[PDB]
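Each residue of the sequence shown is one higher than the one before, starting from 869 at the first, in full-length UniProt numbering. Note that beta-carbon positions come from the ideal geometry of N, C-alpha and C, so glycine has one too. Worksheet for the structure shown next.
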Amino acid sequence: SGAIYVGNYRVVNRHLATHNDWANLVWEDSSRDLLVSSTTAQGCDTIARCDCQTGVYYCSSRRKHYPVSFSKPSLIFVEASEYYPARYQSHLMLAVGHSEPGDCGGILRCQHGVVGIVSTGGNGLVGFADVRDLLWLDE
Ligand SMILES: COc1ccccc1CN1C[C@H](C(N)=O)CCC1=O
Ligand SMILES: [Zn+2]
């Protein structure tokens, strides 16, 4: 679990979105595993606007933060789960690191702010759904 709170927006993994997220829907993309909903309280997370390929992510299955090198956002093949059939997920970044399904939502951050959230894993890899291209999250 985990979300990003910026301005009047809440960003979560689309497969973990609640009934309230869907009832206050702003934008969703199944191919990215992202959903954005509106909030009444004002969020104060900072979104990174950069091309960093190093950062730190929170891994709830280890109660630890790990420094990682990650790839640029891209179309990567993601095996079937109970939430999606096997498909290509877009805007995905991989790193060598630990990730279990319950780790989705953990934030990846660089010196400029929030880069994205955990979305995939397995085989000693961890995938992050990038949010750096969503410039409207700041306006
Ligand atoms: C070993 O599987 C994982 C490990 C870490 C995280 C996620 C998975 C598999 N997964 C990824 C899905 C997706 N994003 O397409 C959403 C739900 C899910 O459970
Ligand atoms: Zn950065």
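With 16 other Cβ atoms within 10 Å as the buried cut-off, status of residue i
i, result
"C912", "exposed"
"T914", "exposed"
"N991", "exposed"
"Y877", "buried"
"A916", "buried"
"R882", "buried"
"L1002", "buried"
"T908", "exposed"
"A963", "buried"
Identity of the residue in the options nearest residue i by Cα
i, options, result
"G995", "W1004, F945 and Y877", "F945"
"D1006", "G970, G875 and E968", "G875"
"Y926", "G965, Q979, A916 and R882", "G965"
"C918", "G984, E950 and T988", "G984"
"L960", "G973, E950, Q979 and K940", "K940"
"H980", "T988, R1000 and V880", "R1000"
6 Å Cβ shell around residue i - same chain, five flanking residues per side excluded
i, result
"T922", "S937"
"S958", "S899, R900 and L943"
"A885", "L903"
Contact with chain D by residue i, beta-carbon distance below 8 Å
i, result
"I872", "Protein chain content of the structure displayed is limited to a single chain, and chain D is not contained in it."
Own chain residues within Cβ distance below 8 Å of residue i, not counting five before or after
i, result
"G970", "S869, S928 and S929"
"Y934", "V924, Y925, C927, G965 and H966"
Presumed contact (8 Å Cβ cut-off) between residue i and residue j, rounded CB distance
i, j, result
"residue 1032", "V924", "In this structure the chain extends from 869 to 1007, so residue 1032 is not present and cannot be described."
"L902", "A997", "5 Å"
"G989", "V880", "Rounded, the Cβ-Cβ distance is 17 Å, inconsistent with contact."
Ligand 1 heavy atom lying under 7 Å from the CB of residue i
i, result
"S967", "yes"
Ligand 2 heavy atom lying under 7 Å from the CB of residue i
i, result
"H959", "no"
"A997", "no"
Proximal residues to residue i (C-beta, below 7 Å), its chain only, five neighbours per side dropped
i, result
"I975", "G870, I872, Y925, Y926, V982 and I985"
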